[PDB]
Amino acid sequence: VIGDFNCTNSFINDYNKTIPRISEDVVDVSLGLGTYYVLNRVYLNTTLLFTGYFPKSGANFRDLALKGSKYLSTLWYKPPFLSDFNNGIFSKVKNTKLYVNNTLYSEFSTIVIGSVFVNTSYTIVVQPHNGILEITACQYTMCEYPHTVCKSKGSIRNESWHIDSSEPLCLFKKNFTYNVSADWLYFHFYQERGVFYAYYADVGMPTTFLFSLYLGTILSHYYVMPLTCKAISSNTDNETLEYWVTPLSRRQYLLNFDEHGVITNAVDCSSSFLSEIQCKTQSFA
Amino acid sequence: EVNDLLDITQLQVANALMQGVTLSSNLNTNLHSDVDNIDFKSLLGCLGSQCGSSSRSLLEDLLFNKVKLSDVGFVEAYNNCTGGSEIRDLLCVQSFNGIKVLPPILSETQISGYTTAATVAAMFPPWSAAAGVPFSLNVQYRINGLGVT
Amino acid sequence: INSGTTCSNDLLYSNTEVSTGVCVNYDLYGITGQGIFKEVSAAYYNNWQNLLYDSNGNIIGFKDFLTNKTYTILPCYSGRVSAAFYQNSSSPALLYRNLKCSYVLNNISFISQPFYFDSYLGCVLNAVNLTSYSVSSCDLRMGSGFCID
Amino acid sequence: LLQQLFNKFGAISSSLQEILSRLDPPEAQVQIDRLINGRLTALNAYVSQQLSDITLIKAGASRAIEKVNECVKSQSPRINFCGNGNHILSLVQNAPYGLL
Amino acid sequence: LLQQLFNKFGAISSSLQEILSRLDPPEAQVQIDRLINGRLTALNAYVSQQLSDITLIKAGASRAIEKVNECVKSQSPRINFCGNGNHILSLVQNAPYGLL
Amino acid sequence: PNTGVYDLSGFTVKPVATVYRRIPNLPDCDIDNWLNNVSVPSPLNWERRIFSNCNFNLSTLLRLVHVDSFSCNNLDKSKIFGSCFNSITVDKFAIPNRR
Ligand SMILES: *[C@@H]1O[C@H](CO)[C@@H](O[C@@H]2O[C@H](CO)[C@@H](O[C@H]3O[C@H](CO[C@H]4O[C@H](CO)[C@@H](O)[C@H](O[C@H]5O[C@H](CO)[C@@H](O)[C@H](O)[C@@H]5O)[C@@H]4O)[C@@H](O)[C@H](O[C@H]4O[C@H](CO)[C@@H](O)[C@H](O)[C@@H]4O)[C@@H]3O)[C@H](O)[C@H]2NC(C)=O)[C@H](O)[C@H]1NC(C)=O
Ligand SMILES: *[C@@H]1O[C@H](CO)[C@@H](O[C@@H]2O[C@H](CO)[C@@H](O)[C@H](O)[C@H]2NC(C)=O)[C@H](O)[C@H]1NC(C)=O
Ligand SMILES: *[C@@H]1O[C@H](CO)[C@@H](O[C@@H]2O[C@H](CO)[C@@H](O)[C@H](O)[C@H]2NC(C)=O)[C@H](O)[C@H]1NC(C)=O
Ligand SMILES: *[C@@H]1O[C@H](CO)[C@@H](O[C@@H]2O[C@H](CO)[C@@H](O)[C@H](O)[C@H]2NC(C)=O)[C@H](O)[C@H]1NC(C)=O
Ligand SMILES: *[C@@H]1O[C@H](CO)[C@@H](O[C@@H]2O[C@H](CO)[C@@H](O)[C@H](O)[C@H]2NC(C)=O)[C@H](O)[C@H]1NC(C)=O
Ligand SMILES: *[C@@H]1O[C@H](CO)[C@@H](O)[C@H](O)[C@H]1NC(C)=O
Ligand SMILES: *[C@@H]1O[C@H](CO)[C@@H](O)[C@H](O)[C@H]1NC(C)=O
Ligand SMILES: *[C@@H]1O[C@H](CO)[C@@H](O)[C@H](O)[C@H]1NC(C)=O
Ligand SMILES: *[C@@H]1O[C@H](CO)[C@@H](O)[C@H](O)[C@H]1NC(C)=O
Ligand SMILES: *[C@@H]1O[C@H](CO)[C@@H](O)[C@H](O)[C@H]1NC(C)=O
Ligand SMILES: *[C@@H]1O[C@H](CO)[C@@H](O)[C@H](O)[C@H]1NC(C)=O
Ligand SMILES: *[C@@H]1O[C@H](CO)[C@@H](O)[C@H](O)[C@H]1NC(C)=O
Ligand SMILES: *[C@@H]1O[C@H](CO)[C@@H](O)[C@H](O)[C@H]1NC(C)=O
Ligand SMILES: *[C@@H]1O[C@H](CO)[C@@H](O)[C@H](O)[C@H]1NC(C)=O
Ligand SMILES: *[C@@H]1O[C@H](CO)[C@@H](O)[C@H](O)[C@H]1NC(C)=O
Ligand SMILES: *[C@@H]1O[C@H](CO)[C@@H](O)[C@H](O)[C@H]1NC(C)=O
Ligand SMILES: *[C@@H]1O[C@H](CO)[C@@H](O)[C@H](O)[C@H]1NC(C)=O
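Residues numbered from 1 in each chain as written, not as in the entry; some residues may be left out. Chains lettered and ligands numbered in written order. Part of a larger assembly, values for the part shown. Heavy atoms only, no water.

What the entry reports as its method is cryo-EM, with 2.7 Å given for the resolution.

With that settled, consider the packing of helix 1 (residues 2–16) of chain B against helix 2 (residues 25–72) of chain D. Running from N to C, helix 1 of chain B and helix 2 of chain D point in directions that differ by 5 degrees, and their axes come no closer than 10 Å. By the angle between their axes, helix 1 of chain B is roughly parallel relative to helix 2 of chain D. Contact residues: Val2, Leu5, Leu6, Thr9, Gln12, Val13 and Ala16 of chain B in helix 1 of chain B; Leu51, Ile54, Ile57, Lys58, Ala61, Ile65, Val68 and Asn69 of chain D in helix 2 of chain D. In the contact of helix 1 of chain B with helix 2 of chain D, the residues fall into 11 nonpolar, three polar and one charged. (Axes fitted to C-alpha atoms, helices over the stretch in contact; angles between N-to-C directions. Helix = DSSP H or I, 4+ residues; strand = E, 2+ residues; numbered from the N terminus. Parallel < 35°, antiparallel > 145°, perpendicular 65-115°, else oblique. Contact = heavy atoms within 4.5 Å. Nonpolar A, V, L, I, M, F, W, Y, C, P; charged D, E, K, R; others polar.)

Our focus in this paragraph is the site of ligand 9. Residues and elements named next belong to chain A. Taken together, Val100, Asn101 and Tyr105 form the complete shell of residues around ligand 9. Between ligand 9 and the protein, one listed contact pairs an oxygen atom with a side-chain N or O atom of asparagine 101 at 2.4 Å. Isolated, ligand 9 exposes 370 Å² of accessible area, and the fraction of that covered by the protein chains is 26%. (Near = heavy atom within 4 Å. Polar contact = N/O pair within 3.5 Å; in protein donor to acceptor, adjacent residues only side chain to side chain. Areas by Shrake-Rupley, 256 points an atom, 1.4 Å probe, with all protein chains shown as cover.)

Take the arrangement of the chains next. Counting contacts across all nine pairs of chains that touch, the top pair turns out to be chains C and F. Note that chain A does not reach chain B: the shortest distance linking a C-alpha of one to a C-alpha of the other is 14 Å. Left apart from each other, chain D and chain F have a closest C-alpha approach of 13 Å.

Once that is clear, we can look at the sheet that holds strand 9 (residues 116–119) of chain C. Pairing within the open sheet is antiparallel, and its five strands lie in the order 9(C)-10(C)-8(C)-7(C)-1(F). Sheet topology places strand 9 of chain C together with strand 1 (4–9) of chain F at the edges, where each strand pairs with a single neighbour. Within the sheet, the average angular offset between the axes of one strand and its neighbour, ignoring direction, is 25 degrees. Here six bridges tie strand 7 (residues 80–85) of chain C to strand 1 of chain F, and the two strands are oriented antiparallel to one another. Directly across from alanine 84 of chain C, in strand 1 of chain F, lies its bridge partner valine 5 of chain F. (Pairing = 2+ DSSP bridges.)

Glancing now at the packing of aromatic side chains. Under the criterion given, the structure shown has 37 aromatic pairs over all chains. Considering the side-chain rings of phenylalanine 85 of chain A and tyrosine 222 of chain A, the 6.4 Å spacing of their centres and the 75 degrees angle between planes classify their relative orientation as edge-to-face. Taken together, the residues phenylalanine 85 of chain A in the loop between strand 5 (83–84) and strand 6 (88–94) and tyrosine 222 of chain A in strand 18 (residues 221–224) connect sequence positions 137 residues apart. We note that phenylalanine 85 of chain A, like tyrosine 222 of chain A, is buried. Note on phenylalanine 96 of chain B and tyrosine 77 of chain C: the rings are 5.9 Å apart at their centroids and 90 degrees apart in plane angle, and the pair reads as edge-to-face. (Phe/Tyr/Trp six-rings, centres within 6.5 Å; stacked < 30°, edge-to-face > 60°. Buried < 20%, exposed > 50% of the residue type's maximum accessible area, 1.4 Å probe, protein only.)

Taken together, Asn9 and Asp10 of chain C together with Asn57 and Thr60 of chain F are the residues near ligand 3. Surrounding ligand 3 is a set of residues that belongs to chains C and F. Here an oxygen atom of ligand 3 sits 2.9 Å away from a polar atom, N or O, in the side chain of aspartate 10 of chain C. At a separation of 2.2 Å, an oxygen atom of ligand 3 approaches a polar side-chain atom of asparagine 57 of chain F. With the chains in place, 40% of the 570 Å² that ligand 3 exposes on its own is no longer accessible. Residue classes in the shell around ligand 3 are distributed as no nonpolar, three polar and one charged.

Below, the discussion takes up the side chain of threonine 96 of chain A. Residues and elements named next belong to chain A. Tracing the backbone shows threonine 96 in strand 7 (residues 96–99). Overall, the relative accessible area of 2% leaves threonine 96 in the buried class. Engagement of the side chain of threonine 96 in a polar contact is seen with the backbone oxygen of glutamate 107, the distance being 2.4 Å. Ignoring any residue separated from it by four or fewer positions in sequence, one finds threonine 96 in contact with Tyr105, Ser106, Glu107, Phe108, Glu239, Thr240 and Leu241.

Turning our attention to the interface of chain D and chain B. Contacts between chain D and chain B engage 28 residues on the former and 41 residues on the latter. When the two sides are added together, the surface that chain D and chain B hide from each other amounts to roughly 2,900 Å², 71% of it contributed by carbon and sulfur. The three residues of chain D that bury the most area against chain B are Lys73, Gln93 and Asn94 of chain D, which together make up 24% of that side's buried surface. Here chain D and chain B share zero salt bridges between them. Looking at the side of chain D that touches chain B, the elements that each hand over two or more residues are helix 2 and strand 1 (94–95) of chain D. Here the side of chain D that touches chain B takes nine residues from helix 2 of chain D, the largest share from any one element. Residue composition of the side of chain D that touches chain B, grouped by class: 19 nonpolar, seven polar and two charged. (Buried area = accessible area lost by both parts, 1.4 Å probe. Salt bridge = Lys/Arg side-chain N within 4 Å of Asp/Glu carboxyl O.)

Moving on: the state of the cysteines. Counted according to the given criterion, the structure contains 13 disulfides over all chains. For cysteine 81 of chain B, the disulfide goes to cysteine 92 of chain B, at an S-S distance of 2.0 Å. The disulfide joining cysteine 81 of chain B to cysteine 92 of chain B has a torsion of about -80 degrees about its S-S bond and is therefore left-handed. Note that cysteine 81 of chain B is positioned in the loop between helix 3 (71–78) and helix 4 (90–95) and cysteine 92 of chain B in helix 4, a separation of 11 residues in sequence. For the pair formed by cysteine 81 of chain B and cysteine 92 of chain B, the shared burial category is buried. Shown here is the disulfide that connects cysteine 101 of chain C with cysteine 123 of chain C, its sulfur atoms set 2.0 Å apart. Taking the sign of the torsion about the S-S bond as the criterion, the disulfide between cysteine 101 of chain C and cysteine 123 of chain C, at about 110 degrees, is right-handed. In this pair, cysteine 101 of chain C is assigned in helix 1 (residues 101–108) and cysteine 123 of chain C in strand 10 (residues 122–125), connecting sequence segments 22 residues apart. Of the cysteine sulfurs around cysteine 72 of chain F, a residue in no disulfide, the closest is that of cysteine 29 of chain F, at 17 Å. (Disulfide = S-S within 2.5 Å.)

In structure tokens:
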């Protein structure tokens, strides 16, 4: 369903059908959390009335993290979980931590964004590698149940979301580094005019630019890829995987840049009447 | 055409302030700044035979300092555009895309002189701007005409 | 051939040719324009920013990620000339408004003009400096109480 | 008026150098025509607004000429023209873009 | 205004007879619409300029009416209104588009 | 013409050069880090590597390995410097002298 090229056949336990949750936290953009710096530009001691793809003030999340022990449902690959990429997504990802001889191992789930996920069109995969984040925009040949594996104390299965040992056509390939000891990671992914844009941050702040990528097509689907590990749950040291997403919308925000260029305040110009007054006069007072 | 009309109204206002005022050749505003214990020093620029006509009064200086982009501020704004001289101003980016402001045909020190002469014409012989009589006599007759004895 | 990613990067240099003080094209990280560069030290770029902007939407500075050096960008000069032309003459008189005559004789015109001076309005070519004289009617009014006769 | 040089008006970009370096000249004219029409529309609107401001400026200049001639240069038997009535006299002074 | 009928405005020609005798009715609409838009923009600009000229004409008409009422049909205690002041009298005469 | 003051256009500035920067996506190939390898195979069991999805040029290559000749075939030597291929497949081995 994700990819047609079949990879595995065992452990297709089918009966479990749990749903994505709904959080108890509205996204609040008063202190920058929910916004981003404008590509690779600097602004000093100003207010900017910026139109871009932002979240909506007062909206809730959906957890899409899936942890299997050894079993893989086909309802885990359904439009309950295979969602759509209309304008974009703002994401809040929990950074799970394991310890083998008191050595830190970070882990969370990877993410695929594409249209039909075959070897005739470009899909984007963002994948963690324990303090290293590798982004690859290529023509992968996706598995039927694309899934991942943990690497500290691993699972029984083999990590197989593609078998494409030929180095296929890649439009983008890069590596980035982040904090292993971090608590959350925030991610912006959107698309506009046939170009893909991506932003990330690890400390709670506005998210910083990762990359822009000119394609020419329109991505339509994304998927959080399910992980399979050894021991993370409550009988263990109480680790829990989370991946919260909220959609994006083309809307207007008012940003405040101090003299070193840090976003100190933002205003969603349609939350109230005072926000409309603030945004049409381009001032916070 | 709009700029021609602005030049014409500037010349008309300058014409009305000077239409029939006669002054003494022995005046000197460094010596004669007042009459009748009424002080006119803050209204007068300079005039005479040894001053140098580039002067405004006290009131005119107090008003021109609180407004930056006057006819002189525009000129010294555009003088700084070759190099920016800090980094940047809006007026140099405006003028480099074809939007300039021209100076008027009469400087504002000239209109300062024309209002100096309209002031001094009412305080000394022959009192041209006071209907021939001296200043405090004119005030007396004007208050008399309201119902005051 | 001619379809793919394994590209030869040479016929698309990326040298250290940040030549300040002159007007040059630029294609900086997607953004195109022309401008004048000037080397500086800046303290505000992070490891993901390479262009400086203002709230109007103009690009005003940048940081070359080949040399870790910061620069500021200024607009290049564009303007007109004011030609005061009297009938049956052979050449007009020229005013470059708000420009020093050193800048005009160096960076604009290298053509033979033996007469020039630096007036309050700019640089005057093909005319004599005779501001001590004065006139009461003029066809060629230049602004701020000056004229061409 | 200067901020009108950043609108696209239905074209792919607002930069002329971007259009002339990314398209082919039969397809570039279709984009430059939209920018030309939008910028000429902006200039026509500015020129009409200047033509309407100059009429108010001329009305004020004529009344200032009249107050110079009949409250400063002389005094007139009108009531409530200068001042408020019980008006005695009037002086004049030069001001940025006018007269005090 | 008559010289606006020779502009092309982006079309292939400025003649309507040339567009209608060389193209097809789906293809000639694209060319006739550009001429229509350019000529209607020309007419709108002319009408805006006429509407702004009429206000200066009416201000001159009001001052001519007032000079007839108070320098010609009678004589006024205003100083520096007509003439120069030392003004004695004034006559009026008919002129093309006005009054002497 | 009559007497007047006219506003004549002058040519004002011309840009001297071009500047360029693009911060590339893909990673280089480092062909010369393979062509200067130590263990050179013999003409029975020559190697081959497929350098694809990276960036390269020629001048740093052909001055960082001690070239003695570089011919071409079905190609022009300056058509490398522009274009964008799809992969490159370098096969090296040592040479026995009399053959
Ligand atoms: C880009 O992506 C596309 C995917 O969209 C890739 O294309 C895929 O390539 C696969 C090859 O790796 C291929 O898998 C299978 O193809 C073989 C050909 O199958 C035909 O011929 C058989 C002759 O024996 C015939 O039996 C078979 O019929 C079977 O299937 C049909 C349904 O398709 C049934 O109705 C029949 O009843 C029967 O069951 C086909 O007609 C096939 O032989 C292979 O299977 C054998 O090998 C397996 C591994 O060894 C083994 O597990 C299996 O049991 C068999 O022994 C092989 O699995 C995909 O079919 C093909 N997909 C499409 C849509 O074309 C493409 O390769 C990729 N490009 C690149 C460059 O990566
Ligand atoms: C990004 O970093 C990863 C490691 O986190 C690199 O992957 C390694 O690549 C080498 C050579 O290809 C292999 O020997 C290792 O086994 C790989 N490690 C893993 C965990 O896969 C990758 O090459 C880097 N990519 C870039 C573009 O820097
Ligand atoms: C040829 O390509 C080489 C590729 O190595 C270029 O050298 C690189 O320049 C960048 C820019 O600073 C450095 O980050 C790399 O480290 C350089 N490579 C090496 C091996 O040091 C070189 O500039 C190119 N030259 C020409 C003429 O095209
Ligand atoms: C410009 O500054 C960057 C720092 O942002 C330098 O990048 C560092 O380079 C060293 C050695 O090359 C690495 O060990 C660091 O990890 C790099 N830092 C980062 C953040 O990547 C870069 O070398 C500097 N360039 C010059 C020419 O001085
Ligand atoms: C030269 O080529 C050989 C391949 O034959 C490279 O050898 C590899 O060396 C690493 C060393 O850690 C081994 O782990 C690999 O197994 C070797 N590869 C093979 C195929 O045997 C060697 O690294 C190359 N030289 C350089 C400088 O890269
Ligand atoms: C997928 O492939 C495996 C072996 O490659 C085979 O056993 C299995 O039946 C295939 N499934 C389908 C649906 O073709
Ligand atoms: C299996 O699904 C049921 C209902 O869909 C749910 O209550 C249960 O928690 C699931 N099993 C596990 C192990 O979560
Ligand atoms: C902050 O912005 C104001 C806005 O004009 C400016 O005056 C001030 O200089 C800025 N602060 C610094 C430190 O530059
Ligand atoms: C931890 O220590 C044990 C024995 O001391 C060893 O077997 C194991 O591999 C170690 N783990 C790591 C991650 O080094
Ligand atoms: C995973 O791979 C290993 C070797 O690569 C193999 O021994 C094992 O059987 C594989 N497991 C599955 C479930 O395929
Ligand atoms: C982030 O990394 C820095 C140094 O790498 C470290 O000092 C800091 O504690 C890290 N953040 C957290 C939340 O641990
Ligand atoms: C983890 O959860 C278990 C189950 O409630 C609990 O007993 C244990 O104390 C927890 N760990 C910590 C460090 O609190
Ligand atoms: C009267 O005249 C003298 C000299 O002529 C003068 O100093 C004085 O101020 C005048 N006083 C009044 C009340 O006019
Ligand atoms: C013009 O530049 C000079 C020199 O930097 C400066 O002193 C002056 O204040 C500037 N004037 C304006 C109007 O910016
Ligand atoms: C001066 O100009 C007039 C144009 O009206 C021309 O007829 C006349 O010949 C000119 N005189 C000379 C000496 O060229
Ligand atoms: C003007 O020319 C001089 C040399 O004659 C040169 O040094 C200077 O950089 C030029 N200025 C500009 C702005 O091009
Ligand atoms: C122009 O002439 C005046 C007076 O003759 C003199 O003061 C001034 O310095 C002269 N300026 C130049 C640039 O010659």
